[PDB]
2 protein chains.
Amino acid sequence: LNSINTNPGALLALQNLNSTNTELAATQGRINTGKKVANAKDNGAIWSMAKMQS
Amino acid sequence: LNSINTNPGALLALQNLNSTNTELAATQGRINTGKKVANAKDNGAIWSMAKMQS
């Protein structure tokens with residue numbers, strides 16, 4: 001709690017900020033690609049379906 | 001929907017414009033030859049009949 005050696009609350013705020021940064025990066029990729037499924041990591045089944053479809 | 005990668009509506013407008021261009025080409029052909037069936041592609045039975053009678 002009142003420790004100089006560590007502070008858990010900063011670690012939790014860091015986890016929250018990293019979650020926000022990851023969601024922002026995903027939104028950046030969806031904007032710059034124009035696809036919600038741009039590659040196999042987005043969704044492998046729908047991606048393979050679209051590959052055979054195209 | 002609101003995609004940048006593709007749009008159905010221009011495709012539908014294009015197939016409609018292509019149908020209009022095809023009808024205009026058929027009209028130009030009927031105008032410049034003066035016959036509703038100028039060749040075997042127009043109507044094979046009527047064309048065979050008219051050619052044997054001619």
# chains A, B, ... in the order shown; residues from 1 in each chain; ligands from 1

call {"tool": "closest_atom_pairs", "arguments": {"of": "chain B", "to": "chain A", "cutoff": "12 Å", "atoms": "only C-alpha atoms", "output": "Markdown table"}}
result
| residue | atom | partner | partner_atom | distance |
| --- | --- | --- | --- | --- |
| B:1 | CA | A:34 | CA | 11.9 |
| B:2 | CA | A:34 | CA | 9.7 |
| B:3 | CA | A:34 | CA | 6.9 |
| B:4 | CA | A:34 | CA | 6.3 |
| B:5 | CA | A:34 | CA | 6.5 |
| B:6 | CA | A:34 | CA | 9.8 |

call {"tool": "write_last_selection", "arguments": {"atoms": "N, CA and C atoms", "output": "CSV table (one decimal), in the first residue's frame"}}
result
chain,number,residue,atom,x,y,z
B,1,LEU,N,-21.9,-2.1,-48.0
B,1,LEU,CA,-22.3,-0.9,-47.2
B,1,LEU,C,-21.3,0.2,-47.4
B,2,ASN,N,-20.8,0.8,-46.3
B,2,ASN,CA,-19.8,1.8,-46.4
B,2,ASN,C,-18.4,1.3,-46.5
B,3,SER,N,-18.2,0.6,-47.6
B,3,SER,CA,-16.8,0.0,-47.9
B,3,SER,C,-16.1,0.9,-48.9
B,4,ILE,N,-14.8,1.0,-48.8
B,4,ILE,CA,-13.9,1.6,-49.8
B,4,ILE,C,-13.4,0.6,-50.7
B,5,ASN,N,-13.3,-0.7,-50.3
B,5,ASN,CA,-12.8,-1.8,-51.2
B,5,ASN,C,-13.7,-2.1,-52.3
B,6,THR,N,-15.0,-2.0,-52.2
B,6,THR,CA,-15.9,-2.4,-53.3
B,6,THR,C,-17.3,-1.7,-53.1

call {"tool": "residues_around", "arguments": {"residues": "residue A:50", "least_positions_apart": "2", "cutoff": "12 Å", "atoms": "only C-alpha atoms", "output": "PyMOL selection string"}}
result
chain A and resi 35+37-40+43-48+52-54
